[PDB]
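A.B. asks: Output the structure for:
(chains A and B)
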Amino acid sequence: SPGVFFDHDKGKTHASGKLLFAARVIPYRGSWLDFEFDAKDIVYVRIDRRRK
DNA sequence: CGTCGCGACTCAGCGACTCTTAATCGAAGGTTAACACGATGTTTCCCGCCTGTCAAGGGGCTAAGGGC
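C.D. replies: Numbers count the residues shown, from 1 in each chain, chains lettered A, B, ... in the order given. Here you go, the structure:
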């Protein structure tokens, strides 16, 4: 369904054991947006999972 | 007697091939300037050569009947 999503990572793709909390808003028709974090504790706008 | 001028260093990071094994039924939707000679094939009959009938004629071979 269209709307913002916050998929907290379950440890996978983490530095050691930390979570990611990828805040992604899925539009009904358009380009996806990802506001996930990293091990450096920084929010990166991974638009449509292309770049970070 | 300190650092920094100047060097590697491994750490991260970024890209990327497969989804068993047989099977349940066959195809599958759009895109919308106008015209002109020329050289280039396309398609029809038309005679040329030749092929394939059956027949006609005949003879030559084979065989069957009659006579001594």
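
A.B. asks: hmm, stretch A:30-41 touching DNA strand B?
C.D. replies: Yes: residues of stretch A:30-41 contacting DNA strand B under Cβ under 7 Å from any atom of the strand: A:38-39. C-beta coordinates here come from the backbone N, C-alpha and C atoms, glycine included.

A.B. asks: buried set for that stretch?
C.D. replies: For stretch A:30-41, burial by neighbour count (16 or more other Cβ atoms under 10 Å) applies to A:33-37.

A.B. asks: List the contacts of the residue of chain A found nearest DNA strand B.
C.D. replies: Residue nearest to DNA strand B within chain A (Cβ to the nearest atom of the strand): residue A:52, separated by 4.8 Å. Contact analysis of residue A:52 by Cβ atoms under 8 Å, 6 or more residues apart in numbering lists A:38, A:44, A:46.

A.B. asks: what's the neighbour count on the residue nearest to the first one when sequence neighbours are not counted?
C.D. replies: Using Cβ to Cβ, 6 or more residues apart in numbering and skipping residues adjacent in sequence, the residue nearest residue A:38 is residue A:44, 6.3 Å away. The number of residues packed around residue A:44, counting by other Cβ atoms under 10 Å, is 14.
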